[PDB]
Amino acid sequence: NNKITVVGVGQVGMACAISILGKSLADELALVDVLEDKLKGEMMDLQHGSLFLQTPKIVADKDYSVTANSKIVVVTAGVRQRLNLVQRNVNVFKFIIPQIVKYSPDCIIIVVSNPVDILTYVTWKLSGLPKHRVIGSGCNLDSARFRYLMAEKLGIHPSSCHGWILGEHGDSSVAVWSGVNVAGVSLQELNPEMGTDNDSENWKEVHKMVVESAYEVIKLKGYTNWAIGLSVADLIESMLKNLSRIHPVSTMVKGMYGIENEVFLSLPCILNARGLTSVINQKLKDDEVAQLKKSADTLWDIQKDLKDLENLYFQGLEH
């Protein structure tokens, strides 16, 4: 079978669930949340439209037993957008991550909750699963937003546009301008001043707008959901169909790019049935690798004092 579990019947979870059923990727959809009513309501609503889909079974319950033998588990629980956010979201992940592995040992966890980069490391610690099976959303949407900003810029489809945004999902995202190209035309060679301050084509602004556009939409409708459901389902299609496609997702970066701390950052990785086949370790400019080490230093700065990651009880360890 192809069982997929969605922990979160909110705006991002339902957008993800509707994208899974729209792609016929799952034969058994499992919805898990803490709201009894909202959980049963979204399940029945999805079940009523099961005639127009190809997912026979759609089970949903608060007990994680309905998630048994799931291939992929998409975690969308928590609260939206700061050390406060990560402190309270790891509080939720502490009660749901160990329960997912208890019923779905051979699954692939997809962390969506923000901060993704941090919560993916939190998920990898409490789950005990290999790092190649714990993948986070990361900059898979940052590259989609960047590729769309270039689509309406040149007048072509985002498919023909190729722009890679890596690093940390947020303002500290790295824009590898050497890979920005369409139709095999490296635009960095047309404009050698790409990314710097003295740039005719302010690509620095369109790079910043990738983070702004995410912040803006949260001001107008109050959230973001559709761009992720399509991005999350796009990752599962690469994984379930064994396509072995390269995607910029958050992965264990320690030991790569001169970083020594156990953190998760977005990098190109191949996705098949097993999860992360390999993590592309390309060569970046001196300034691009600077943010990779700086953001990882800031990421580890938070996770090192996360007392929700306690594997042992000997915690008279006050400081």
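Throughout, rigid core stands for the largest set of C-alpha atoms superposing within 1.5 Å between the two forms. A residue's number is simply how far along the shown sequence it sits, counting from 1.
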query: After a rigid core fit, does 83 to 91 or 163 to 171 show more C-alpha displacement in 4 other deposited structures of this protein?
result: 83 to 91
- line: Between 179 to 187 and 220 to 228, greater root mean square CA displacement in 4 other deposited structures of this protein relative to the shown form, after rigid core superposition, belongs to 179 to 187
statement: Per the entry, how many deposited residues between residue 81 and residue 82 lack coordinates? The answer is 4 to 9
166 to 174 or 230 to 238, whichever carries the higher mean Cα B-factor: 166 to 174
- prompt: Averaging C-alpha B-factors over each stretch, which comes out higher, 120 to 128 or 188 to 196?
  reply: 188 to 196
- request: Return the residue from 243, 73, 206, 141 that has the highest Cα B-factor in the entry.
  value: 206
- prompt: Once the chain's modelled residues are ordered by C-alpha B factor and cut into thirds, is residue 136 in the lowest, middle or highest one?
  reply: lowest
query: Lowest, middle or highest third: where is residue 59 by Cα B-factor in its chain?
result: highest
query: With respect to C-alpha B-factor, does residue 40 fall in the lowest, middle or highest third of the chain as deposited?
result: middle
message: Split into thirds by Cα B-factor across the chain's modelled residues, where does residue 179 land: lowest, middle or highest?
response: highest
field: Among modelled residues of the same chain, the CA temperature factor third for residue 99
entry: middle
